[PDB]
Amino acid sequence: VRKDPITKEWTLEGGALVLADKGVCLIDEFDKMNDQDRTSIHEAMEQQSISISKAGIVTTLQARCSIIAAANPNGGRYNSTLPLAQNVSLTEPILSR
Amino acid sequence: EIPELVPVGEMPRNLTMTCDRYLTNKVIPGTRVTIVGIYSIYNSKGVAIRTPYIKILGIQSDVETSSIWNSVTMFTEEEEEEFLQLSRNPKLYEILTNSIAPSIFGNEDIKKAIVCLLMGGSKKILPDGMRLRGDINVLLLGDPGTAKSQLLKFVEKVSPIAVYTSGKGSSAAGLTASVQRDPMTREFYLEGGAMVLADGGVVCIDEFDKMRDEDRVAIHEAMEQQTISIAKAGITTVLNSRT
Amino acid sequence: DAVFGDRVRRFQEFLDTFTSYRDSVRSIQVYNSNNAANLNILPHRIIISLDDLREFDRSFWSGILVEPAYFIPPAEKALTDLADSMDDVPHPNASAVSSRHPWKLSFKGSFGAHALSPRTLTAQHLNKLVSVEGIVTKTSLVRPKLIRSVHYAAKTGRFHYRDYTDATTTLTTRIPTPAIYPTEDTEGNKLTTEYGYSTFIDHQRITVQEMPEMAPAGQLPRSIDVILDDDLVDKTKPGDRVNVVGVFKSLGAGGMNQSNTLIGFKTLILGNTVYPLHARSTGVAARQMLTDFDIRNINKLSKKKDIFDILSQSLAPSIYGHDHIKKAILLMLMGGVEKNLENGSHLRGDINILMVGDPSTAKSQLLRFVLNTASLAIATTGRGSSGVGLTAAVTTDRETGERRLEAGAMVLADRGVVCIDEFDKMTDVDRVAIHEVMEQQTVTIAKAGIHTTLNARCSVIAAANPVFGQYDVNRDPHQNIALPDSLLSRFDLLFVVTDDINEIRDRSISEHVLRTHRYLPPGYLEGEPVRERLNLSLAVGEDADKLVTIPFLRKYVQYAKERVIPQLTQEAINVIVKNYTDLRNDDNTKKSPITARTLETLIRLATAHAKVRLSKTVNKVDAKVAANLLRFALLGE
Amino acid sequence: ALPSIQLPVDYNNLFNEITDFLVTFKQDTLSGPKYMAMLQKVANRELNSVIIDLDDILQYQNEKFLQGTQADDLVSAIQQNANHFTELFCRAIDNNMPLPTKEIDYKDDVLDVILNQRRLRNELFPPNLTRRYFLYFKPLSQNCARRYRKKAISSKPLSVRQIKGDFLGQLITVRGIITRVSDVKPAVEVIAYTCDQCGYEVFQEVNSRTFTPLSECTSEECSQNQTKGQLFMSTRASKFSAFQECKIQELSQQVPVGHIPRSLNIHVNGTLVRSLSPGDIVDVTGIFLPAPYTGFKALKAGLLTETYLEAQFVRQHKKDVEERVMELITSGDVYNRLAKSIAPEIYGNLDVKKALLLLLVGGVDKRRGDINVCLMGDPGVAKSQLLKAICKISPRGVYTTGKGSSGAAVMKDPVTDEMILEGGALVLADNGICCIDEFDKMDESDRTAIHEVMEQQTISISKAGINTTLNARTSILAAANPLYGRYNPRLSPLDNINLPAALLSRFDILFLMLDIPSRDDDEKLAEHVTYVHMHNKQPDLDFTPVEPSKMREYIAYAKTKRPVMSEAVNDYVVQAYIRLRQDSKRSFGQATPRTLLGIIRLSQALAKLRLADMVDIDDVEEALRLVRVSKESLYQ
DNA sequence: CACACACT
DNA sequence: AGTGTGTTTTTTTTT
Ligand SMILES: Nc1ncnc2c1ncn2[C@@H]1O[C@H](COP(=O)(O)OP(=O)(O)OP(O)(O)=S)[C@@H](O)[C@H]1O
Ligand SMILES: Nc1ncnc2c1ncn2[C@@H]1O[C@H](COP(=O)(O)OP(=O)(O)OP(O)(O)=S)[C@@H](O)[C@H]1O
Ligand SMILES: Nc1ncnc2c1ncn2[C@@H]1O[C@H](COP(=O)(O)OP(=O)(O)O)[C@@H](O)[C@H]1O
Ligand SMILES: [Mg+2]
Ligand SMILES: [Mg+2]
Ligand SMILES: [Mg+2]
Ligand SMILES: [Zn+2]
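Residue numbers (PDB author numbering), protein chains in the order written: chain 2, 580 to 676; chain 5, 260 to 304, 320 to 517; chain 3, 18 to 55, 89 to 309, 312 to 597, 649 to 740; chain 7, 4 to 34, 60 to 150, 190 to 386, 396 to 443, 451 to 490, 495 to 673, 680 to 729.
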């Protein structure tokens, strides 16, 4: 949501995952990006829709998008003897979903 | 514009309307209506362009949901009679239990607890200044991928007196009720948060653990008091939270 | 004016019908005269209920409702002429005689048909007098309105009075005029404007909002403005439940000037009379009534020593146990004397208690019980309020146009008992702010451009949870609560609530809850849904006007604050100092070195204990009881 | 066209009675007539204003009652409406009080030159231009047998709350402190008109403060033959007056319970303009004057009559031989006496009480006499009640708060649409008193700003970039308390406290108070409080108090003769500083040259306080005894 | 609403 | 002489 000084009210700003909706979603550098953002993505993908209630905007947007996350192994090299969760610097719930 | 229409990539356009004394206040915001009114144009105060709006000749509910139930029995004596018959037959309790959460494959006592919570605990007002707290809030802990969020969404769909939300989706400040600056008044007005809407309704919210804890502390007090007491920004408004 | 004169005659017939009114006016006039000889002159405000005069004339009583703008003007004209023909003391204040003192008409009781609510107010009932009770968030400052202009050229010997009632006070909608004061008058006459003899009415734009609980879910309170002009000025503070009797009037030509043309109409409630009722559950506007019967009551028990314990039991009857806690909150409720000194140092008589308790220890309800028991009762939680907002908001207001002072709780706090919950969660800036401002009981408010200092003396109860879920004795109390001793020492009492559980006491609590639960609320059908209705209170205005009952107890204790003012007595003084001997240097490490604060605390506690006894001075019994309770609290027993 | 009601004002008789009073009022009647003395004051223009005294009118009414004349009840009428009476006085001083008729040296003929051209080339000269003054009103009685000796009935000043719309006509008196004072602005009362071809000088006087240009000519020859006569602005002939409007805040106790204090504008001219400062609490007297609006404000918001409320009389609240104080303090021995009598309620820290007395005067240095008192003390025992005591007794005494968000030099140039300078919180602090509250916990940026200001005695507002340096040497008092409320004697004398060491070392002197349960002094302080109860005066002792006005004279003579320090003192202090440094090597705080400078400042301040420079040695052991007591208190 | 300008 | 036209920084709230 973007505050719009010209119109003088808070206005919706295009969520890139809404842009993902109806089409394929490319995801890159995800293993290095912010964890709270990761949880937000979890929430959004769980329902295939994004629900936002802030700044007086209580809208909810459908997010129908086939997503593909790109990740690098811990140190860039996966160790087959190592468990995947140990080879993964990210959360367990995300790999589950 | 027609949330089902979902114009891809188009921000939903909105038009202004007017209602007459026997049309006004029929329906609330956030509710879909099938309208029949003349297309209307007036000058806002850009050449030869004027404000588009509608003067309504008839109002019909697209959501089709009845208005605020003023205890007038549209179900009438008949439907409530079979309702009591279902209450008369104890087996119907397990019927409601099983019916909730389709395809869940069991968890029947869980569904019983859900039905009881949705059913609403009775708020008793003592002759003393005290008052027995009626509603309760159920806590959902467990392993992921176990239809928990799915069940929450289903339950909220069952009972729209409250609104399904998520922790991150809900603004951290003023979860119960956010304070916002009005465009035409520099004073930060009280905007109704989720538990304002959830007040009078059984509410399901997602990602409690993922939510920041500090404001969730402000939630337990509000549910405990069954109200929402705010003295922030020099504004001492207190709003009920029956959720 | 034939109908106007007829209504004047009918109102005169009314005055004839009900002598008491002319008698009240007579008492008003004599009150005016004697006080004039001596202040506090009540206005020419006359109060006649709707249920009054309804009997002898159905038609007049109806037409007051149907066309108030045509009924009250002649009625008040007749009121005025009757008064001036009946006051019979015209000579004094001849200067104000020419300025004229309008006689004002008020009402009592509920219209019901007209008086429903702000939200229920619709245009379908407009230009008809109604009444609504509501909370007022916005109050506009007073500005006199010069309706009768006094202006005169010395040569003329005329003293022209050009009287202008343009929009607000007028009911006939007289044409707008600017009151230029032409310096030629009529015959080229300078026409000096004589200050004084000119009417000025301090205008108020006061907007009133409906109840949050009466408002349905998801509906913002409905707000409407009211006008007060040197007749009803300033009884009420913003944010107070108040009943106003007003007519639904429209102005601004509805905005239909020339074209946009779909803009709304400008309407407003002009209120002749107002009944402020801000007491919870529609009480007595936090103004406990008094009778000599009630006065002589209680007192005989106050002689008995057990009365204090009886009052303690009466508090929180829904809670089981905590008798010492109930005694402490009783001592809280009674207000100590604010000792004053001929300097900036003024001793505080306020009572401040901090309590720490496990969750669900009823202390929240306790704070709630203190709230519904106290008159002012400023309460919130640590996350409930913004510290700056509650203390003071120095932001500007757009309508005012310049920087404004907005104390959410502070200004509401002073001169009343106040509460705070979960102060551990409270913003630390607010905590340091409350620190030493509750010690000095005054806030400088020198922040930003405004530097005016406003006093904040009040009694505060603190209920913060431990840092751990429950107080652990192994952990230090200051390990159990992270709140620093800064101003934590400045709590006249300290309390620790631990939800430890014993079979006897557990059974006691369980049985208490069992009694409270199965008990059907007073009356009602056993199988009846909860009503919590509006009570349809017809009585409005002057119409509204061993165990012990609670509101009766509150009235008694308020009467006590009004009357009982004990002074520290010498034998009590000796008891206090004898305690303090070891109290300050107690060998037992009870923590929180008591220092000089606790001496004043116990002084206040003994003073309020004497107030329980209703004694005009303190007694050593009060001192020793206060010391015993203080050591009880400090030992944690 | 306008209805007219008849009133028994009898204004012309009021005027003639006024004339009779002015003729008949003597200094002997006050005790030749006083008002022809005022006339000869006008004649030589000794003053710039002549101000009517109501007290004189009171005596006149008394005399008329002795004469048995009703005297029109002049006092009541003038109270009800004096602005018309003010115009009557102006007419009288113009009409019935004569022309000055006294030879004057110079400096007034310049207007009389403008006055002299009026007769040549030929009301024509405005009465205000004819004689120049500022006629104000000063009350006749207060808290006396007058007004039937009953409560109020005018006279008695009231706060803004007690002011009502009915009070607009009548003169009023008000209590409270003015919030702010506007700058002076010239007011063009009467404009002198100059035309090009005619040269005629016609005078019109504007009272709306909004001037409409005439653009025409009233000269006869400009009217004939249709030559365009435009009357131009001849300012030097026209009249001007400095104008000031001030908002006065009602007293906090005057404000009702839980009410927002209300301030109202007060407009002054002539004598009173430039003679007021916002910081003072003033009991001023003036007619009530509602303000006409500029225009169309009344159309949108109804009459909405506001006021400017010019005050005729001003009386600032309380804020006796000067040497007589010296006689008493010599008997009093104000050092000890002041230290104890200054805080009888505290009952303790007597060495600190002695130290604070020297902090008040501070001292002055040619090259700067700053005590830099730091009171780290004990939390929850003192330094708040102990604090702010000097604030009221000493002028410019400010109970500032280091934190608590109470307010720090927050300049507000953009206070109005236009950029006008506005002082911050710290600029209010000045040489008189600067009391910090909540010093231990406070903003670090504010900490640095205050540290720089005190080390420099300068203030930098920046913003527009200007260095408006209003601060000079100022006495500074620290409300810091040890962190956690319990200082560690074993370790960290400087580090146990939130204040940084550099900030700590910046202060010349630092002391530590500590509460101990060892002794029974709790009972002695209990005796003091149980004095304060049933003896609501003080804990009775031989404190021998110094009244703040007497304290003000003690401060005035506390800066005496600029005592030049003796070189024997110089050797003694250098040896003492060397010893302090050596012991510091042995502890936590090494001796600093600025510390020795502060010791010298203490010595000279005490010397000029009551004693003198001379050998000055003894004062140095006094100050260094204070210093070593402070060091021991830190060490304990 | 209603009063100074710029021609009407 | 027609007739037209203009005046009432802070503080939370995001984050
Ligand atoms: N017992 C079950 N019966 C039927 N479907 C199930 C069951 N357990 C899990 N599921 C399915 O697994 C999905 C995962 O649940 P979600 O709706 O994503 O939310 P959730 O179970 O709360 O998961 P998290 O904890 O939020 S990752 C559900 O939507 C169901 O379709
Ligand atoms: N020695 C004392 N004599 C008289 N009153 C005292 C004394 N010590 C404390 N008091 C009382 O306690 C207060 C004095 O402490 P203050 O100076 O106001 O606070 P403080 O010691 O600065 O507290 P902080 O905030 O913990 S540093 C007043 O209310 C006094 O009545
Ligand atoms: N001794 C008691 N007697 C009766 N009810 C109690 C008692 N202690 C706790 N409760 C109940 O606990 C519930 C929560 O109390 P609350 O005020 O929220 O606790 P806290 O003291 O932690 O603030 C209430 O329903 C209250 O009645
Ligand atoms: Mg989930
Ligand atoms: Mg609680
Ligand atoms: Mg202090
Ligand atoms: Zn000329």
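Just so it is clear, CB atoms sit at the ideal spot from N, CA and C, and this is done for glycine as well.
(request) Tell me, please, whether the region 449-462 of chain 3 touches the region 502-512 of chain 3 by the rule of three or more beta-carbon pairs shorter than 8 Å. (result) yes
(request) Kindly indicate if chain 7 contains any beta-carbon less than 8 Å away from that of residue 216 (chain 3). (result) Indexing the third sequence from 1 puts residue 216 (chain 3) at position 166. Answer yes: the Cβ-Cβ gap between residue 216 (chain 3) and chain 7 drops below 8 Å somewhere.
(request) Confirm, please, whether the CB-CB distance from residue 482 (chain 3) to residue 535 (chain 3) is below 8 Å. (result) Position 483 of the third sequence, counted from the first residue, corresponds to residue 535 (chain 3). Position 430 of the third sequence, counted from the first residue, corresponds to residue 482 (chain 3). Using a Cβ distance threshold of 8 Å, residue 535 (chain 3) and residue 482 (chain 3) do not count as a contacting pair.
(message) At a CB distance below 8 Å, what residues from the region 21-54 of chain 3 approach chain 7? Give them in sequence order.
(response) 54
(request) Can you tell me which of 196 (chain 3), 716 (chain 3) and 713 (chain 3) puts its alpha carbon nearest to the alpha carbon of residue 373 (chain 7)? (result) Translated into positions along the fourth sequence, residue 373 (chain 7) becomes position 306. Residue 196 (chain 3) is the option with its Cα nearest to residue 373 (chain 7).
(request) Taking all protein chains shown into account, decide if residue 496 (chain 7) is buried (16 or more other Cβ within 10 angstroms of its Cβ) or exposed. (result) Walking along the fourth sequence from the start, residue 496 (chain 7) turns up at place 409. Flag for residue 496 (chain 7) reads buried.
(message) Just to confirm the assignment, what range does the alpha helix (DSSP H) spanning residue 448 (chain 7) have?
(response) Structure remark: chain 7 lacks residues between 443 and 451, so residue 448 (chain 7) is without coordinates.
(message) With the cut-off set at 8 Å, would you say residue 371 (chain 3) and residue 429 (chain 3) are in Cβ contact?
(response) Here residue 371 (chain 3) is taken as the residue at index 319 of the third sequence, counted from 1. Here residue 429 (chain 3) is taken as the residue at index 377 of the third sequence, counted from 1. No.
(request) Check whether the Cβ atoms of residue 489 (chain 7) and residue 515 (chain 3) sit closer than 8 Å, and answer yes or no. (result) Within the fourth sequence, the letter at position 406 stands for residue 489 (chain 7). Within the third sequence, the letter at position 463 stands for residue 515 (chain 3). No. Outside cutoff.
(request) Give every residue of the same chain whose Cβ lies closer than 6 Å to the Cβ of residue 218 (chain 3), excluding the five residues on either side of it in the sequence, and list them in chain order. (result) For this step, residue 218 (chain 3) is matched to residue 168 along the third sequence. Answer for residue 218 (chain 3): 277, listed in chain order.
(request) Tell whether a beta-carbon distance below 8 Å holds between residue 488 (chain 3) and residue 540 (chain 3). (result) If you number the third sequence from 1, residue 488 (chain 3) lands on position 436. If you number the third sequence from 1, residue 540 (chain 3) lands on position 488. Cβ distance not < 8 Å, so residue 488 (chain 3) and residue 540 (chain 3) don't count as in contact.
(message) Below 7 Å, is the gap between the Cβ of residue 437 (chain 3) and the nearest heavy atom of ligand 5?
(response) Within the third sequence, residue 437 (chain 3) is the residue found at index 385, counting from 1. Not so, every heavy atom of ligand 5 lies at least 7 Å from the Cβ.
(message) Considering only heavy atoms of ligand 6 and the C-beta of each residue, which residues fall inside 6 Å, strictly closer?
(response) 466 (chain 7), 467 (chain 7), 470 (chain 7), 524 (chain 7) and 566 (chain 7)
(message) Does the region 226-238 of chain 3 come into contact with the region 188-205 of chain 3, if we say contact requires no fewer than three beta-carbon pairs (one atom in each stretch) closer than 8 Å?
(response) yes
(request) Return the Cβ separation of residue 315 (chain 7) and residue 245 (chain 7) in integer angstroms, given the expectation that the two are a contact with Cβ distance under 8 Å. (result) On the fourth sequence, position 248 is the one that residue 315 (chain 7) refers to. On the fourth sequence, position 178 is the one that residue 245 (chain 7) refers to. Indeed they touch by this definition, with Cβ atoms about 4 Å apart.
(request) Compare the C-beta of residue 601 (chain 2) against all C-beta atoms of chain 5 and say whether one is closer than 8 Å. (result) Residue mapping note: residue 601 (chain 2) aligns to position 22 of the first sequence, counting from 1. Closer than 8 Å to some Cβ of chain 5, the Cβ of residue 601 (chain 2) qualifies, so yes.
(request) Give me the Cα-Cα distance between residue 512 (chain 7) and residue 116 (chain 3), rounded to the nearest whole angstrom. (result) As a position in the fourth sequence, residue 512 (chain 7) is number 425, starting the count at 1. As a position in the third sequence, residue 116 (chain 3) is number 66, starting the count at 1. Distance between the alpha carbons of residue 512 (chain 7) and residue 116 (chain 3): 59 Å.
(message) Need the endpoints of the alpha helix (DSSP H) that residue 40 (chain 3) sits in, please.
(response) Here residue 40 (chain 3) is taken as the residue at index 23 of the third sequence, counted from 1. Counting along the chain, the alpha helix (DSSP H) containing residue 40 (chain 3) begins and ends at 36-54.
(message) Within a Cβ cutoff of 7 Å, which residues of the same chain sit near residue 597 (chain 7), ignoring the five residues on either side of it in sequence?
(response) Numbered from its first residue, the fourth sequence carries residue 597 (chain 7) at position 510. Cβ neighbours of residue 597 (chain 7) beyond the five flanking positions: 457, 459, 591, 723 and 727.
(message) Tell me the residue span of the beta strand (DSSP E) that contains residue 258 (chain 7).
(response) Position 191 of the fourth sequence, counted from the first residue, corresponds to residue 258 (chain 7). First-last of the beta strand (DSSP E) with residue 258 (chain 7): 257-262.
(request) Just the chain 3 side, please: which residues come within less than 9 Å of residue 567 (chain 7) by C-beta, in chain order? (result) Numbered from 1 along the fourth sequence, position 480 holds the residue referred to as residue 567 (chain 7). What residue 567 (chain 7) touches in chain 3: nothing, since even the nearest Cβ is about 13 Å away.
(message) Let me check understanding here. Comparing Cα to Cα, which of 299 (chain 7), 237 (chain 7) and 287 (chain 7) lies closest to residue 258 (chain 7)?
(response) If you number the fourth sequence from 1, residue 258 (chain 7) lands on position 191. Checked all of 299 (chain 7), 237 (chain 7) and 287 (chain 7); the closest Cα to residue 258 (chain 7) is 299 (chain 7).
(message) Please report the straight-line C-alpha distance between residue 376 (chain 3) and residue 736 (chain 3), rounded to a whole angstrom.
(response) Position 324 of the third sequence holds residue 376 (chain 3). Position 633 of the third sequence holds residue 736 (chain 3). If you take the alpha carbons of residue 376 (chain 3) and residue 736 (chain 3), they lie about 9 Å apart.
(request) Determine the extent of the alpha helix (DSSP H) in which residue 273 (chain 5) is found, giving its start and end residues. (result) In the second sequence, counting from the first residue as 1, residue 273 (chain 5) sits at position 14. It is not in any alpha helix (DSSP H) - residue 273 (chain 5) carries neither H nor E in the DSSP assignment.
(request) Indicate whether residue 541 (chain 7) and residue 523 (chain 7) have their beta-carbon atoms separated by less than 8 Å. (result) Numbered from its first residue, the fourth sequence carries residue 541 (chain 7) at position 454. Numbered from its first residue, the fourth sequence carries residue 523 (chain 7) at position 436. Contact flag unset, no.
(request) State yes or no: is the C-beta of residue 534 (chain 7) within less than 8 Å of the C-beta of residue 544 (chain 7)? (result) Numbered from 1 along the fourth sequence, position 447 holds the residue referred to as residue 534 (chain 7). Numbered from 1 along the fourth sequence, position 457 holds the residue referred to as residue 544 (chain 7). The answer is no: Cβ separation not under 8 Å.
(message) Residues of chain 7 with CB closer than 7 Å to the CB of residue 148 (chain 3), please, in chain order.
(response) Translated into positions along the third sequence, residue 148 (chain 3) becomes position 98. What residue 148 (chain 3) touches in chain 7: 8 and 10.
(message) Quick check on DSSP: helix, strand or coil for residue 398 (chain 3)?
(response) What you label residue 398 (chain 3) is simply residue 346 of the third sequence in a count that begins at 1. The answer is coil: DSSP assigns residue 398 (chain 3) none of H, G, I, E or B.
(message) Taking 8 Å as the threshold (beta carbon to beta carbon), is residue 212 (chain 3) in contact with chain 7?
(response) Translated into positions along the third sequence, residue 212 (chain 3) becomes position 162. True, the Cβ-Cβ gap to chain 7 drops below 8 Å.
(request) Please list the partners that residue 672 (chain 2) has in chain 5, where partner means a Cβ-to-Cβ separation under 7 Å. (result) For the purposes of this step, residue 672 (chain 2) is identified with residue 93 of the first sequence, where counting begins at 1. Neighbours of residue 672 (chain 2) on chain 5, chain order: 418.
(request) Please confirm whether any heavy atom of ligand 5 lies closer than 7 Å to the CB of residue 629 (chain 7). (result) For the purposes of this step, residue 629 (chain 7) is taken as the residue at position 542 of the fourth sequence. For ligand 5, not one heavy atom lies less than 7 Å from the Cβ of residue 629 (chain 7).
(message) Here's a check: name, in chain order, each residue in its chain whose Cβ is nearer than 6 Å to the Cβ of residue 124 (chain 7), leaving out the five neighbours to either side.
(response) Sequence index remark: in the fourth sequence, residue 124 (chain 7) carries index 96 (1-based). Taking C-beta separations shorter than 6 Å and ignoring five residues to either side along the sequence, the partners of residue 124 (chain 7) in its chain run 22, following chain order.
(request) Could you tell me which residues DSSP puts in a beta bridge with residue 547 (chain 3)? (result) Here residue 547 (chain 3) corresponds to residue number 495 of the third sequence, with the count starting at 1. Answer by DSSP bridge pairing, in chain order: 407 (chain 3).
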